[PDB]
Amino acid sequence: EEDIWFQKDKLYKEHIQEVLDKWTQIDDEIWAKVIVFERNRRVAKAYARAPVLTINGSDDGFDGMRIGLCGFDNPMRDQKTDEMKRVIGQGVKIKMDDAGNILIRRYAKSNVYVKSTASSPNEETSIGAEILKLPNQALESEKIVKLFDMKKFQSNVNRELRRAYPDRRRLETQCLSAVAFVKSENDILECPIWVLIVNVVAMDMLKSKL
């Protein structure tokens, strides 16, 4: 009921709003909210304070520095999802640097895919150029790249507020990053196992640009 979506735009919007609604109650050292999905169902939430976060196939769940994706219940899990989760393996590490970039590195033997969070097809992206150049946005083994590029985001924000019809919503979606493990599908809601990362630092800048 409350943890499932049928349209991606609603999913994105809802998670953004969840963060905005609780904004001042969120500890100021939290730089990201990570939400775990299986298909179109949310199975876990985590808040990241530590600069480096590991996301992998461990069954331990969340311990503050590592999200073990197999440590979460899903009563509606389908067979394919169960199969895919078994090979998440070493997954990825993500890190926020001093500039507010989010870096990502693939450790998994299995593939990891970066997905666009755009609501509308004509929206700008905060995804780094190095990822955009990859076929199907599939991460290369053990190479560090910018999942979220703060320079790009800032530039997009500046461009937006100079447009004839500025819309903060197109900006808000750029505060989101999506990473699908093991298996890519064209539609994010069909991916067997993926995470949504809300960049709180990026949102905080948006809240400072009325």
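Start at 1 and count along the sequence shown; that's the residue number.
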Quiz item: Going by the B-factors listed in the PDB entry, is the mean over the C-alpha atoms higher for 166-174 or for 40-48?
Solution: 166-174
Exercise. Please work out which of 99-107 and 113-121 has the higher mean CA B-factor as recorded in the PDB entry.
Key: 113-121
Self-check item: 153, 31, 181, 62, ranked by C-alpha B-factor: the highest one
Solution: 62
Quiz prompt | Chain-wide C-alpha B factor ranking for residue 69, given as lowest, middle or highest third | solution = lowest
Exercise. Using the B-factor values recorded in the entry, state whether the Cα atom of residue 89 falls in the lowest, middle or highest third among the modelled residues of its chain.
Key: middle
Exercise. Ordered by C-alpha B-factor within the chain, which third holds residue 20? Give me lowest, middle or highest, please.
Key: highest
Practice problem: Please rank the C-alpha B-factors of the chain's modelled residues and tell me whether residue 147 sits in the lowest, middle or highest third. | Solution: lowest
Quiz item: Thinking about Cα B factors across the chain, which third does residue 157 belong to?
Solution: middle
